[PDB]
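Peer 1: First, the structure itself, so that you have it in front of you.
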Amino acid sequence: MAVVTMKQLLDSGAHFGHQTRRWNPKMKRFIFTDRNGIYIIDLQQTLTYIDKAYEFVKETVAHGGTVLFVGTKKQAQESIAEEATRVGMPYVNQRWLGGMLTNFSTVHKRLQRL
RNA sequence: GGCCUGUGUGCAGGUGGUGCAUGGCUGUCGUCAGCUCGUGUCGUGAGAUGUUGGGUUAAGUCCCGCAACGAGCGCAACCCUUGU
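Per the deposited numbering, the first sequence starts with residue 1, numbered consecutively.
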């Protein structure tokens, strides 16, 4: 089950993946072969985990949680802020701090101070 | 009974020792800019991190990027005198 289709997907560049001096997995199941020393995006895994992410993440999205829009890159500060102003959800701008998400009971106190 | 005369009984007192038994008080490094805690992450552990690195300061005073986020006791300042 696809989402929307190939040519009006293919418009703006589909072949990404980085530099060559850095790859480290082991995964022959996602590694293909050399031409001009660089790879192409993965067909079967795109489709299959598109479907699986769809079904289970809909189940949990019905189970009902929420996520901050923490957006940081200078490429997308205003873009993310615009969509976040549209969707109305809270957001953050600049930096991921070391050690909040575990030590939450004192950013609780930063909230009281806020 | 106030009171003081004695008798002795409880005694009362020490500038006699331990300041290395103690408290209190005080000088000193030093009015030098630092010294710690929370909760966390790291480390088997002693411990580290924060408090490293630049600009910057009378100074851990301040800014910027980061396993740190935060804070206190400090340095500043409301005190006195002088200066209009």
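We put the beta carbon where it would ideally sit given N, CA and C, even for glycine.
DSSP three-state call for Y49: helix, strand or coil?
Peer 2: Locating residue 49 in the first sequence gives position 49, where the first residue counts as 1. In this structure, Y49 counts as helix in the three-state DSSP scheme.
Peer 1: Should the segment 59-76 be regarded as contacting the segment 89-103, the criterion being three or more beta carbon pairs within less than 8 Å?
Peer 2: Segments in contact, yes.
Peer 1: In chain order, what residues of the same chain lie with their CB nearer than 8 Å to the CB of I40, ignoring the 5 residues before and after it?
Peer 2: As a working note, residue 40 is residue 40 in the first sequence. Closer than 8 Å at Cβ, skipping near neighbours: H15, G17 and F32.
Peer 1: Can you list, in chain order, the residues of its chain with a C-beta nearer than 6 Å to that of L43? Leave out the 5 residues immediately preceding and following it.
Peer 2: By one-based count along the first sequence, residue 43 stands at place 43. Result list for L43: empty, nothing under 6 Å.
Peer 1: Whose C-beta lies closer than 7 Å to the C-beta of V3 among residues of the same chain, with five residues either side of it excluded?
Peer 2: Residue 3 sits at position 3 when you count from the first residue of the first sequence. Cβ neighbours of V3 beyond the five flanking positions: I50.
Peer 1: Where are the beta strand (DSSP E) runs, 3 residues long or more, that stay fully inside the segment 18-79, in chain order?
Peer 2: Fully enclosed beta strand (DSSP E) runs of 3 or longer: not present.
Peer 1: What are the partner residues of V92, as DSSP defines its beta bridges?
Peer 2: Mapped onto the first sequence, residue 92 falls at position 92. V92 is bridged to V70.
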